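Quick setup: one chain, the form deposited in one PDB entry, written in structure tokens, and binding and motion questions come after.
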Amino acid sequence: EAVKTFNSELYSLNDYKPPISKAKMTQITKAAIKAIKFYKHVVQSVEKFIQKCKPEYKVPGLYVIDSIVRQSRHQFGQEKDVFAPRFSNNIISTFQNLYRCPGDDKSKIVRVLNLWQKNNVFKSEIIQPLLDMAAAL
């Protein structure tokens, strides 16, 4: 139900040509956060979206992760945020999927990683392999 509403908004990305509207991203993020009880379902849905989506939607999918983790850290506290730790479990595979984006979108991913590193959204042991994966392409 809370997960149904989130899935609905997430998959609605398919109706749009990137870049995605701020208002749409906000709606997806707010739905994720309202559904914090079901954070595992939320993370699983985002990961599935990114695995299966067309190449033009990989960066939008990453922005969904970025938007959820930023809002959750702001709203619940960096130490208490449940989203970044849960996304970390499969993150190497998530990014393997993300890097199968158009070559003109690769820089957008590295930008996100650079900001995550600066703000310590993940520790170096997670961020560095993700940075290494960009360089290896």
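Residue indices: 1-based, along the sequence shown.
Here the stretch with the larger average CA B-factor, out of 68-76 and 98-106, is 98-106.
Split the chain's modelled residues into thirds by C-alpha temperature factor. Residue 54 is in the highest one. For residue 133, the recorded CA B-factor ranks within the middle third of the chain. Only modelled residues enter the ranking. Sorting the modelled residues of the chain by their CA temperature factor places residue 41 in the highest third.
The deposited CA B-factor of residue 121 belongs to the highest third of values across its chain.
Omitted here: the form solved in complex with a partner chain. The next part is about that form.
Interface residue among 52, 74, 80, 37, judged by heavy atoms within 4.5 Å of the partner chain in the deposited bound form: 74. Contact annotation: residue 47 falls outside 4.5 Å of the partner chain in the deposited bound form, judged by heavy atom distances. Although the partner is absent here, residue 123 lies well away from the partner chain in the deposited bound form, with no heavy atom inside 4.5 Å. Under a 4.5 angstroms non-hydrogen atom cutoff, the partner chain in the deposited bound form lacks residue 97 among its neighbouring residues. Taking the partner from the other structure, the partner chain in the deposited bound form has a heavy atom within 4.5 Å of a heavy atom of residue 63.
With the partner chain omitted here, the record of contacts in the deposited bound form names 65-73 of 39-47, 81-89, 97-105, 65-73, defined by a heavy atom within 4.5 Å.
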